[PDB]
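Heads up: the structure comes next, in structure tokens.
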Amino acid sequence: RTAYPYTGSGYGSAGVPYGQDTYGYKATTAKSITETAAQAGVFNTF
Amino acid sequence: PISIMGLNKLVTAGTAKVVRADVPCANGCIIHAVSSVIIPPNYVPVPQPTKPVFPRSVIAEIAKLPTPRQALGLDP
Amino acid sequence: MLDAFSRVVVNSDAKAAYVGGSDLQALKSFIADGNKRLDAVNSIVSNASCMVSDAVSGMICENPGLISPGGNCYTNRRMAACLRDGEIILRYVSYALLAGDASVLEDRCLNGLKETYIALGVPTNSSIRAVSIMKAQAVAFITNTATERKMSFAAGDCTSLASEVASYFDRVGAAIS
Amino acid sequence: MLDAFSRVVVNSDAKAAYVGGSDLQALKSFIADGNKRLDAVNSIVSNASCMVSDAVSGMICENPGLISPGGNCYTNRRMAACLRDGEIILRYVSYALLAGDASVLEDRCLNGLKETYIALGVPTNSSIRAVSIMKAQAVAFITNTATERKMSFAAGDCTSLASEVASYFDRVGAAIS
Amino acid sequence: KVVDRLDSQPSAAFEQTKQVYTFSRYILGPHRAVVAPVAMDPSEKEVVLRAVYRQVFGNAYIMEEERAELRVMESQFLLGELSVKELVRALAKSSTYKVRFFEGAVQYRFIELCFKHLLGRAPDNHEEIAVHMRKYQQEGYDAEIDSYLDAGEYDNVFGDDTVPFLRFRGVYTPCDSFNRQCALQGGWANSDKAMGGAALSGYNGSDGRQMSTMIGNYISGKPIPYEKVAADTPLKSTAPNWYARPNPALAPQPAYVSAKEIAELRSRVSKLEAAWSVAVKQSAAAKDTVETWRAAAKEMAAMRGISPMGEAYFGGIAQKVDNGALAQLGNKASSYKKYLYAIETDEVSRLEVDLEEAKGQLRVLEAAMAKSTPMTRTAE
Amino acid sequence: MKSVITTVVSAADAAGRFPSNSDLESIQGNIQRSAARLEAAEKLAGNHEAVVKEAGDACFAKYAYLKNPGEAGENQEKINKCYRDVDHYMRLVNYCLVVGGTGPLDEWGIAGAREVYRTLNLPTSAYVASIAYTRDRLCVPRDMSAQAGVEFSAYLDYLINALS
Amino acid sequence: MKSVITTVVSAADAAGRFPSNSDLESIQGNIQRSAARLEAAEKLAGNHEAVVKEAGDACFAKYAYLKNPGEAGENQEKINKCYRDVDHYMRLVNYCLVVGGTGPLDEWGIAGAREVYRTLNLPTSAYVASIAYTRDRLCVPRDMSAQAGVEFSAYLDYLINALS
Amino acid sequence: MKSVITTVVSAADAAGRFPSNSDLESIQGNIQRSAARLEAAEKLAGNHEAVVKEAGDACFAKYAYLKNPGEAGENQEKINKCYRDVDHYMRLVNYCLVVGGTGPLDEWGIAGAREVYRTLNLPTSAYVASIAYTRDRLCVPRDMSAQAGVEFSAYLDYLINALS
Amino acid sequence: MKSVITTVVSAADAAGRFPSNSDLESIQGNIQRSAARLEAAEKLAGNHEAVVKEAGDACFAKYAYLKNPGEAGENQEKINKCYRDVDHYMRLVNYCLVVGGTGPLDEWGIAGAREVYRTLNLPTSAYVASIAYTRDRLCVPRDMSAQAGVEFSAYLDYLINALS
Ligand SMILES: *[C@@H](C)[C@H]1/C(=C/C2=NC(=C\c3[nH]c(C[C@H]4NC(=O)C(C=C)=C4C)c(C)c3CCC(=O)O)/C(CCC(=O)O)=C2C)NC(=O)[C@@H]1C
Ligand SMILES: *[C@@H](C)[C@H]1/C(=C/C2=NC(=C\c3[nH]c(C[C@H]4NC(=O)C(C=C)=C4C)c(C)c3CCC(=O)O)/C(CCC(=O)O)=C2C)NC(=O)[C@@H]1C
Ligand SMILES: *[C@@H](C)[C@H]1/C(=C/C2=NC(=C\c3[nH]c(C[C@H]4NC(=O)C(C=C)=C4C)c(C)c3CCC(=O)O)/C(CCC(=O)O)=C2C)NC(=O)[C@@H]1C
Ligand SMILES: *[C@@H](C)[C@H]1/C(=C/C2=NC(=C\c3[nH]c(C[C@H]4NC(=O)C(C=C)=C4C)c(C)c3CCC(=O)O)/C(CCC(=O)O)=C2C)NC(=O)[C@@H]1C
Ligand SMILES: *[C@H](C)[C@H]1/C(=C/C2=NC(=C\c3[nH]c(C[C@H]4NC(=O)C(C=C)=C4C)c(C)c3CCC(=O)O)/C(CCC(=O)O)=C2C)NC(=O)[C@@H]1C
Ligand SMILES: *[C@H](C)[C@H]1/C(=C/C2=NC(=C\c3[nH]c(C[C@H]4NC(=O)C(C=C)=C4C)c(C)c3CCC(=O)O)/C(CCC(=O)O)=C2C)NC(=O)[C@@H]1C
Ligand SMILES: C=CC1=C(C)[C@@H](Cc2[nH]c(/C=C3N=C(/C=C4\NC(=O)[C@H](C)[C@H]4CC)C(C)=C\3CCC(=O)O)c(CCC(=O)O)c2C)NC1=O
Ligand SMILES: C=CC1=C(C)[C@@H](Cc2[nH]c(/C=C3N=C(/C=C4\NC(=O)[C@H](C)[C@H]4CC)C(C)=C\3CCC(=O)O)c(CCC(=O)O)c2C)NC1=O
Ligand SMILES: C=CC1=C(C)[C@@H](Cc2[nH]c(/C=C3N=C(/C=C4\NC(=O)[C@H](C)[C@H]4CC)C(C)=C\3CCC(=O)O)c(CCC(=O)O)c2C)NC1=O
Ligand SMILES: C=CC1=C(C)[C@@H](Cc2[nH]c(/C=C3N=C(/C=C4\NC(=O)[C@H](C)[C@H]4CC)C(C)=C\3CCC(=O)O)c(CCC(=O)O)c2C)NC1=O
Ligand SMILES: C=CC1=C(C)[C@@H](Cc2[nH]c(/C=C3N=C(/C=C4\NC(=O)[C@H](C)[C@H]4CC)C(C)=C\3CCC(=O)O)c(CCC(=O)O)c2C)NC1=O
Ligand SMILES: C=CC1=C(C)[C@@H](Cc2[nH]c(/C=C3N=C(/C=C4\NC(=O)[C@H](C)[C@H]4CC)C(C)=C\3CCC(=O)O)c(CCC(=O)O)c2C)NC1=O
């Protein structure tokens, strides 16, 4: 019973894996400036 | 130098007034969408292309140079 | 409304802090350059009557349909009213340069300006340039590089005040953009 | 605004009915229980000042960020207004319990009170909590079952009037939600 | 008992400002009471005359060529037999007033302007608007200006020497009427020529049609939308410049919204206000770890008292005493400072604040999704 | 509507006060009188078709010029349109005998009552003659009791003066 | 002075109506409500010295710091000024009984009282300590009749809500 | 707020005038008087917890009745919410010295305090016996400079004048 | 007259306040900037015959059309009223440097000046050709000091801007 539970396994935890998915250091899903703009389709001229 | 100030949740970069706040990117960079193009402060527009002009007469060149007499006030 | 001294009070209030050692030092350099600020406001209120006709008439020569019939600056009462909002805007930017903070621009100069231009029919693209020309005039008077009027100051630079007054002339140029 | 006795009239004219022995029965029983209603409305107005401090401060102890720098009962200005909007709602509720009709309430406070707090930036469901504590205090006073104060009455059942005053306090809840 | 008398009543004999104005938005902005003193300098007869032309004309541009209509009753004020309540009666009965706000105005728009200009108050209910229409149709324009001013409300509020101001009364008799006047005085940089469309409807700025929006909210009792109370408003001209944690100002309606990001945000507030209902119930009894031991740690708390401060030698060593009220409990300076950091440290207040920023973002993201057919969209 | 309760919760609302002991007593006054005047309402609604029958002709027992050509009682169906009106004003008495005050009279029978009468050739001299033969014909031990009879005799004289 | 009669003929003056039968509703209840409150009038007005004596040391037992040097009871001629102040308030209570409204209290005793005491350094908590005490030494079937004590104990905490 | 700058820009904007030389003259007096009152704000920032602790128990040593059950010092939770109020008033005086005039004490510390102290039954003499203690502890060459002690004890007396 | 001591008293009376530490701090600026505008006020009190002369003909050198018939400066009796007017403006600038603000120039020389010069056909471009000549004639180490040639030049083009 809470609102913001801490993440971790073992004793003294809340039931949430580390980093919310067992991924402490997650990989970058975002892409470069030049291709995140070309993907949106409104930074065409820029 | 450029000024960025968000007051009353109205973020404007110079004369921009951001419409779309944040778009996270690859190398921890941020992208904002602005409604105008920001011109640099000390920007002078490059002039249109022109044809080179040359002095028609050389005597008219000398006719516009003041002499030492005119510089002293002894002549008209 | 706020000035530079009370803006750092309401940011220290956001942290329940006393205005202490590291926050009282930036205000002691606001008064250490307090005479250049008074010397810079005086450059603008001196030439103010010719600042708003150098700009409004410089807008007519670029967009000449403003005085064409049906235009926004067409009659005498329409041209008269454009010169009164020309100097109201310069009057509020002078208070922001004096106070050191753009609160008066947000609280009462721009509080409804974009909506009142659309409700009247003022072309907002031309009224940027009436504010953008006054920015070129004011940074010429503060750095003392006006090409037809020079005023007498002590030696030093006012590069920082000329940059700050540029920030108020395009907070107005973006809050109606 | 309307009353109980006007309410049969504002329904009967839509059929244009002579109100003979048709629907008077909830009105002869209305004035029959007039004294035990007057004995019930006096219970609130004798304790109304100590109700709204009991209720506003009780809202604070459940949400103590309201008095930190930032919260909407921080300064003495924000506390004195919130202590006043508790007094206005308890005053219209005592009017609705006095006439036995709700149409003094929703045309004089609840019309547009939701859009007001969205404009002023008052958090909604903490203000729900303060009307909720005043609901729990009114049904205690009418049944004479408050913990730390008792008033003397002629003995009789007053669980019906306590349901009526509770039926108005959640109309405030349906407004500002 | 918080307030003792409203502003609709006359002031009592023992105050300078009314009580309801002392903690209202009256103290925070330019909408205050300017009074004419007993003997007036000609320079400070302009300070009372510029304030009248602000209010009674509603930030209009009185040019020099059209201020020459008013010099006959200007000078009758500058001499001093026309009080401020009698100057505004003649100014309303003028010609430059009837051209601006009467001769192209629908009868709803003329009454609600007279409510803004003469009184400091947007129209309250509908049968008040109806009875002021029924003067003009039966008595003409002339006696109708005596309806606003020759009643009890002008004498009790403004007297005869205060210029009219937009009242921030505290107590509003419907709570809808606090937004009706907030939409009518809509901006420091606004004027009724713009808000009524009286420059775009006519020819070269003249021949304007002074038409009203929000007519239906008078007849059908319907609230004003919250955007018209927070965008151009008297609440920005009287902005408190606080650190409000729900910041009330509305963000600009963005270009490029998408129905995906509205659906994550809409679900997000349902996770938060369901959590708020189950966290507010849990608190107030078992929230505190050191509370069940407080009655046991308090029973044995007092022993080996001390009068002259500095006893408890503990084997003949110094070891003094504080004897203060705070430190007798064992508290420090950080014992009262913890109440200032409970804005985000707390769990009941962290939920509520994070809820209120989400319905702030949701109220403008939804309303931007009201423009449909030729919409060019994005990839976030 | 102008009732006993609507004043007290507005004579306090203008002052912004709570119901006081003067305020709660004003509804105690709306109990003892309220019996004998709520008693004055069902007797009206019982034989309501006769008090308009005895006034639907006394209005014509004064004036015979109403039945002249061109006038308002010039035919039969507008006498029935007249009967619908005299049906209404005593029915609004039945409404204000249960409210306690004169609320539905000045909200539904007095508002605009002049500017339709003179406009549409409706002379009030025969309207008050219909209500006159209502008034003093009332036999106070037959129709009701004494203290119940003053409450009926008061209200119809309120629109005697209001309609003229 | 706010009475029952004062608040009905003031609202009649705001419209311009005559004294209505709606306004005769209220004062009929005033005669029955004054069987109670006028009985408690002379019960105060024959025994007011013994009440105000007991309330004085009830104030001074709870707040015995008032007899410190520098406070608001530091000599006997400040204590004497105190014992007549609580006899002023008991005198206005006797006035609100016979008038029947909040009028004689919120004009002669309340309006401005928070301004005087905040300047003369009088703690207003000491004032309610003698009013809340004499609120509840009234035991109902011995002091008066049962209905007089409910008006006695209603003006007394109109006072306590005002000053607190 | 209420500062030197805000008074000369709001009186100008009421007139419609640019900043004239009468305005820039008054902002020069903000430069001479600056370092006196920016020297007392820094003395308050680094020593407030020792001031508030000493100013707070002066309230309870003077009035020890507050720690009784029933009053505003009955437990440890209300006592901590007492020393915090002194630290609120002391932090606003530090904000007044930085701004220049009585801006922060008016809008954040006074405007409504006459109401929230009457409702919650907080005695206001207990507030001013804490502020008057610190005004009388000021040893004007030891604590700060002599002109800073004028600027410090000016807002201290401004606050006592507003609460009393 | 508009000055520092009038505007901080008129503002502190609009609210009904005692003079505060932001009202006093303004008048400390009236002390620092008085030693520069008083030696630009006596510097004009002695030499004022030579400056009305040197600037009164600067217009007539510029606008030589003014002495044609029908015009303003057509004859010597109108030229003498013209040299009197530049004396009038120089006297008020001497008044303004004594008070500290532009109260004399406003109340005596500016207020109503557009109503007359349009009526009497006076070209205000000639009036500003005099005042602008006096402005740039100044040699700021020779004529007066540096910060006195700030104060003298400030009121000189406030008059230009109020005529332009
Ligand atoms: C930048 C805008 C200029 C420039 C400005 C400088 N001004 C300097 C000193 C200065 N200015 C004034 C006058 C000002 N103070 C007032 O109180 C009033 C009116 C009430 C005014 C107009 C004064 C008094 C001073 C101080 C020196 C003096 O005159 O005694 C200044 C010197 C640096 C400093 O004082 O901190 C600078 C650099 N100078 C420039 O080069 C650009 C063009
Ligand atoms: C004693 C239990 C009190 C207390 C009483 C004191 N009151 C003092 C002065 C005072 N009291 C009033 C109000 C009173 N006079 C009236 O005429 C009416 C109602 C019609 C009331 C309620 C006034 C107006 C004054 C000032 C004028 C005067 O002295 O008569 C007083 C003297 C204090 C002083 O003058 O320094 C005392 C001691 N003080 C207490 O400690 C408890 C609360
Ligand atoms: C202790 C020496 C005091 C005392 C203090 C109490 N104050 C209580 C509540 C309270 N105080 C204020 C005003 C304060 N809050 C602010 O934000 C500012 C300025 C920025 C100030 C001066 C408020 C608004 C409140 C209510 C909310 C809150 O709890 O903070 C209090 C609690 C009373 C209660 O819970 O019933 C106490 C005990 N009490 C004393 O005896 C002296 C006067
Ligand atoms: C500095 C080298 C200047 C410069 C100065 C000269 N001024 C000359 C004469 C002159 N100056 C004034 C104005 C003087 N009187 C005042 O009351 C004030 C301030 C209010 C000032 C500055 C007057 C009125 C006159 C004419 C009468 C007189 O001499 O006193 C002057 C002699 C030339 C001449 O008289 O025509 C010089 C050299 N000249 C310069 O080139 C730089 C800018
Ligand atoms: C001039 C640079 C513009 C232009 C301006 C026009 N404005 C007209 C009316 C008007 N303008 C304002 C703006 C002004 N008033 C303020 O209070 C503030 C901020 C403090 C500002 C910036 C207002 C309020 C109004 C309405 C005035 C009224 O009610 O009469 C206007 C038309 C006037 C008329 O129709 O009589 C014009 C032409 N137009 C332009 O083309 C340039 C770009
Ligand atoms: C208290 C339990 C709340 C809370 C209240 C605040 N309300 C503030 C201003 C305000 N409050 C109302 C409500 C009330 N006044 C009325 O007139 C009527 C109906 C006729 C009602 C229900 C209104 C209308 C206003 C605005 C009017 C005005 O300011 O004059 C307020 C001040 C906000 C500010 O100063 O910006 C507060 C703090 N806030 C809370 O946190 C609790 C939940
Ligand atoms: C079509 C018509 C037309 C005009 C009217 C001018 C208007 C004008 N002036 C400036 C630029 C400027 N304008 C002024 C204004 C003035 N100079 C003074 O000293 C006086 C006080 C005031 C004239 C009354 C100043 C000071 C500058 C800066 C450079 C300088 O003049 O020294 C600029 C910006 C730079 C540029 O785009 O060239 C413009 C558009 N230009 C035009 O093309
Ligand atoms: C002007 C002010 C004014 C009032 C306040 C009332 C006062 C009042 N209350 C009651 C009388 C009563 N009041 C109650 C009410 C209650 N008893 C309970 O056990 C419950 C706790 C509570 C209801 C919630 C009951 C049960 C009676 C008696 C029965 C009845 O009146 O029908 C009576 C009739 C008995 C008597 O003669 O005293 C009166 C006059 N009348 C007034 O004129
Ligand atoms: C964190 C701080 C905090 C508070 C301030 C209180 C606030 C408070 N009081 C009550 C509940 C109540 N509150 C009152 C109010 C009062 N009682 C009286 O007799 C007086 C007239 C008046 C105080 C002056 C009353 C009458 C009840 C009903 C029960 C009773 O007290 O007999 C309730 C609802 C019931 C509950 O949830 O417990 C709450 C939240 N509780 C808290 O946790
Ligand atoms: C709502 C209240 C109400 C009433 C008061 C009566 C009013 C009334 N009375 C009578 C009818 C009558 N009323 C009376 C009584 C009297 N006639 C007199 O002239 C004496 C003054 C008085 C003696 C006491 C008599 C004798 C009749 C029979 C015919 C007549 O005289 O009118 C009629 C004619 C139709 C009928 O019989 O009902 C009506 C409407 N009906 C009502 O519905
Ligand atoms: C914000 C401003 C500010 C203050 C005014 C002081 C207030 C103050 N003064 C003293 C402490 C002291 N203050 C004095 C001064 C005096 N004692 C006398 O008898 C003389 C009348 C007077 C000289 C003017 C002395 C002698 C002490 C040390 C002894 C003591 O504590 O009483 C202390 C105890 C801690 C300390 O030593 O500093 C504090 C909090 N501190 C502050 O931060
Ligand atoms: C205290 C401030 C103050 C002033 C400045 C003057 C302003 C002023 N000047 C004139 C009056 C005049 N002013 C001029 C002025 C000029 N003629 C020219 O060729 C140039 C345009 C210009 C000066 C070089 C002339 C010629 C007259 C006389 C015009 C006439 O009477 O028709 C008048 C009309 C009354 C009169 O003739 O005296 C007034 C009020 N008066 C004042 O009280």
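Letters A, B, ... go to the chains of the structure tokens in the order shown; residues in each chain start at 1; ligands are counted from 1 in the same order.
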- [ ] Provide as a list in words the residues of chain F at most 8 Å from chain E, counting only C-alpha atoms.
- [x]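 Listed by rising number, the hits are residues 14, 15 and 16 of chain F.
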- [ ] Check which residues fall inside 6 Å of ligand 4 when counting only C-alpha atoms and all ligand atoms, and print them as an NGL selection string.
- [x] :I and (44 or 47-48 or 50-51 or 54 or 138-139 or 143)
Next, the residues of the selection above should be written as a short mmCIF file (atom, residue, chain, number, x, y, z; two decimals), in the first residue's frame with C-alpha atoms.
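Everything below was put into out_6.cif:
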data_model
loop_
_atom_site.label_atom_id
_atom_site.label_comp_id
_atom_site.auth_asym_id
_atom_site.auth_seq_id
_atom_site.Cartn_x
_atom_site.Cartn_y
_atom_site.Cartn_z
CA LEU I 44 22.05 79.22 -15.48
CA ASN I 47 24.36 83.52 -17.48
CA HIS I 48 20.77 83.47 -18.66
CA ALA I 50 23.47 85.20 -22.99
CA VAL I 51 21.65 81.90 -23.51
CA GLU I 54 22.39 82.80 -28.41
CA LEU I 138 27.19 72.81 -24.05
CA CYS I 139 30.87 71.97 -23.53
CA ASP I 143 30.14 75.11 -19.12
#
- [ ] Extract, using only C-alpha atoms, all DNA, RNA and protein residues at most 12 Å from region 139-156 of chain D, discarding same-chain residues fewer than 4 positions from it, and format them as a PyMOL selection string.
- [x] (chain D and resi 33+35-48+50-51+97+132-135+160-169) or (chain G and resi 135-136+138-141+146-147+149-150+153-154)
- [ ] Within 10 Å of chain F, which residues of chain G are there when counting only C-alpha atoms? Please give them as a ChimeraX atom specification.
- [x] /G:2-8,10-12,20-34,96-97,99-103,151,154-155,158
Using only C-alpha atoms, what table do you get, as a tab-separated table, when you list each residue of chain A with an atom no more than 8 Å from chain B, its nearest pair of atoms, and their distance in Å rounded to one decimal, rows by chain then rising number?
residue	atom	partner	partner_atom	distance
A:28	CA	B:26	CA	7.0
A:29	CA	B:26	CA	7.6
A:30	CA	B:26	CA	4.8
A:31	CA	B:26	CA	4.4
A:32	CA	B:26	CA	4.8
A:33	CA	B:25	CA	6.0
A:36	CA	B:25	CA	7.0
Open item on the list: Can you tell me which residues surround residue 365 (chain E) at a distance of at most 9 Å, considering only C-alpha atoms, apart from same-chain residues fewer than 6 positions away, and format the answer as number ranges by chain?
Closed with: E: 253-254, 257-258, 261-262
Open item on the list: What does the list of residues within 6 Å of ligand 2 look like if you count only C-alpha atoms and all ligand atoms, written as a count of residues only?
Closed with: 17
Task: Close residues, residue 127 (chain C) itself excluded, 9 Å, only C-alpha atoms, min 3 positions apart in chain, as a PyMOL selection string - done: chain C and resi 56+59+122-124+130-132+173+176
Let's have the selection written as an mmCIF file, in the first residue's frame, with N, CA, C and O atoms.
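Saved to out.cif:
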data_model
loop_
_atom_site.group_PDB
_atom_site.id
_atom_site.type_symbol
_atom_site.label_atom_id
_atom_site.label_comp_id
_atom_site.auth_asym_id
_atom_site.auth_seq_id
_atom_site.Cartn_x
_atom_site.Cartn_y
_atom_site.Cartn_z
ATOM 1 N N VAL C 56 7.638 53.521 -37.032
ATOM 2 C CA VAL C 56 6.323 53.366 -37.634
ATOM 3 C C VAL C 56 6.361 53.732 -39.106
ATOM 4 O O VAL C 56 5.837 53.004 -39.950
ATOM 5 N N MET C 59 8.056 51.160 -41.169
ATOM 6 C CA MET C 59 7.203 50.023 -41.461
ATOM 7 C C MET C 59 6.324 50.292 -42.670
ATOM 8 O O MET C 59 6.071 49.382 -43.462
ATOM 9 N N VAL C 122 -5.479 44.261 -36.780
ATOM 10 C CA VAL C 122 -4.102 44.730 -36.957
ATOM 11 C C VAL C 122 -3.272 43.601 -37.553
ATOM 12 O O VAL C 122 -3.317 42.475 -37.033
ATOM 13 N N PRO C 123 -2.537 43.829 -38.640
ATOM 14 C CA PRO C 123 -1.687 42.765 -39.187
ATOM 15 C C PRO C 123 -0.509 42.524 -38.263
ATOM 16 O O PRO C 123 0.316 43.409 -38.049
ATOM 17 N N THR C 124 -0.446 41.325 -37.694
ATOM 18 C CA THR C 124 0.587 41.062 -36.708
ATOM 19 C C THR C 124 1.957 40.856 -37.324
ATOM 20 O O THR C 124 2.936 40.872 -36.585
ATOM 21 N N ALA C 130 7.511 46.978 -36.502
ATOM 22 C CA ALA C 130 7.462 48.214 -35.735
ATOM 23 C C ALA C 130 8.112 48.053 -34.370
ATOM 24 O O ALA C 130 8.646 49.020 -33.826
ATOM 25 N N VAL C 131 8.079 46.852 -33.805
ATOM 26 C CA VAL C 131 8.802 46.574 -32.571
ATOM 27 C C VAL C 131 10.238 46.161 -32.868
ATOM 28 O O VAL C 131 11.137 46.392 -32.057
ATOM 29 N N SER C 132 10.491 45.605 -34.038
ATOM 30 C CA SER C 132 11.837 45.155 -34.358
ATOM 31 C C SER C 132 12.741 46.301 -34.782
ATOM 32 O O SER C 132 13.958 46.215 -34.609
ATOM 33 N N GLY C 173 7.986 40.807 -29.402
ATOM 34 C CA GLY C 173 7.974 40.344 -30.772
ATOM 35 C C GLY C 173 7.662 38.878 -30.937
ATOM 36 O O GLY C 173 7.516 38.420 -32.072
ATOM 37 N N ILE C 176 3.215 38.272 -29.657
ATOM 38 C CA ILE C 176 2.204 38.534 -30.666
ATOM 39 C C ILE C 176 2.564 37.885 -31.992
ATOM 40 O O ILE C 176 1.905 38.133 -32.997
#
TODO: Identify, on the basis of only C-alpha atoms, every residue whose closest approach to residue 41 (chain F) does not exceed 8 Å; exclude the query and any residue fewer than 4 positions from it along the same chain; express the result as a PyMOL selection string.
DONE: (chain D and resi 19-20) or (chain F and resi 37+45+94+97-98)
TODO: Check chain H with DSSP on the backbone and list each residue it calls helix (DSSP H, G or I), as a ChimeraX atom specification.
DONE: /H:4-15,21-32,34-45,48-62,64-67,76-99,103-110,113-119,125-136,148-163
Open item on the list: What are the residues of chain E lining chain B at 12 Å or less? Count only C-alpha atoms, and put the answer as an MDAnalysis selection string.
Closed with: chainID E and resid 230:231 236 239 241:244 246:258 360:361 365 368 378:380
TODO: Please identify every polymer residue within 7 Å of ligand 5, using only C-alpha atoms and all ligand atoms, and present the set as a PyMOL selection string.
DONE: (chain C and resi 56+66+72-73+77-79+81-83+85-86+88-89+108-110+113+116+120+122-124+126-127+130) or (chain E and resi 59-61+188-194+199+204-206)
Open item on the list: Can you work out which residues from chain D touch chain F at a cut-off of 7 Å (counting only C-alpha atoms) and hand them back as number ranges by chain?
Closed with: D: 2, 5-6, 9, 18-21, 31, 38, 45, 91, 95, 99
What would the file look like if the residues just selected were written as a compact mmCIF listing (two decimals), in the first residue's frame with N, CA and C atoms?
# COMPACT_ATOMS: atom_id res chain seq x y z
N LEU D 2 -36.36 29.14 -4.65
CA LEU D 2 -37.63 28.52 -4.31
C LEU D 2 -37.56 27.92 -2.92
N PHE D 5 -42.67 25.10 0.00
CA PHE D 5 -44.05 25.46 -0.27
C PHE D 5 -44.23 26.03 -1.66
N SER D 6 -43.18 26.64 -2.21
CA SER D 6 -43.25 27.08 -3.58
C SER D 6 -43.06 25.94 -4.56
N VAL D 9 -46.01 24.48 -6.05
CA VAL D 9 -46.64 25.47 -6.91
C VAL D 9 -45.93 25.54 -8.25
N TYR D 18 -55.44 23.29 -9.44
CA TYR D 18 -55.82 23.75 -8.12
C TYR D 18 -55.27 22.78 -7.08
N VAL D 19 -54.46 23.29 -6.17
CA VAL D 19 -53.81 22.43 -5.17
C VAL D 19 -54.78 22.30 -4.00
N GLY D 20 -55.74 21.40 -4.16
CA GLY D 20 -56.71 21.11 -3.12
C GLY D 20 -56.19 20.04 -2.18
N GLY D 21 -56.88 18.91 -2.09
CA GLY D 21 -56.36 17.79 -1.31
C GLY D 21 -55.48 16.87 -2.13
N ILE D 31 -45.07 21.76 8.33
CA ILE D 31 -45.23 22.68 9.44
C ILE D 31 -45.45 21.95 10.75
N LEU D 38 -36.54 23.75 13.33
CA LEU D 38 -35.94 24.96 13.88
C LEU D 38 -34.97 24.62 15.01
N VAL D 45 -25.99 26.79 13.48
CA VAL D 45 -25.61 28.19 13.54
C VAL D 45 -25.07 28.61 14.89
N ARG D 91 -22.99 28.71 4.93
CA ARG D 91 -24.09 29.66 5.10
C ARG D 91 -25.22 29.38 4.12
N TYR D 95 -29.15 27.89 4.77
CA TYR D 95 -30.34 28.43 4.14
C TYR D 95 -31.18 27.33 3.52
N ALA D 99 -35.25 26.40 4.42
CA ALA D 99 -36.43 26.36 3.56
C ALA D 99 -36.79 24.95 3.12
Near chain D, meaning an atom within 7 Å, which residues of chain C appear when counting only C-alpha atoms? Write them as a tab-separated table (two decimals) with C-alpha atoms, in the first residue's frame.
chain	number	residue	atom	x	y	z
C	13	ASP	CA	10.64	31.62	-1.36
C	14	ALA	CA	10.15	28.60	-3.63
C	16	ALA	CA	11.89	28.36	1.80
TODO: Output as a PyMOL selection string the set of chain E residues within 9 Å of chain D, with distances taken over only C-alpha atoms.
DONE: chain E and resi 1-3+23-24+170-179+221-227+229-230+235+242-250+273+280-281+283-284+339-350+352-353+356+360
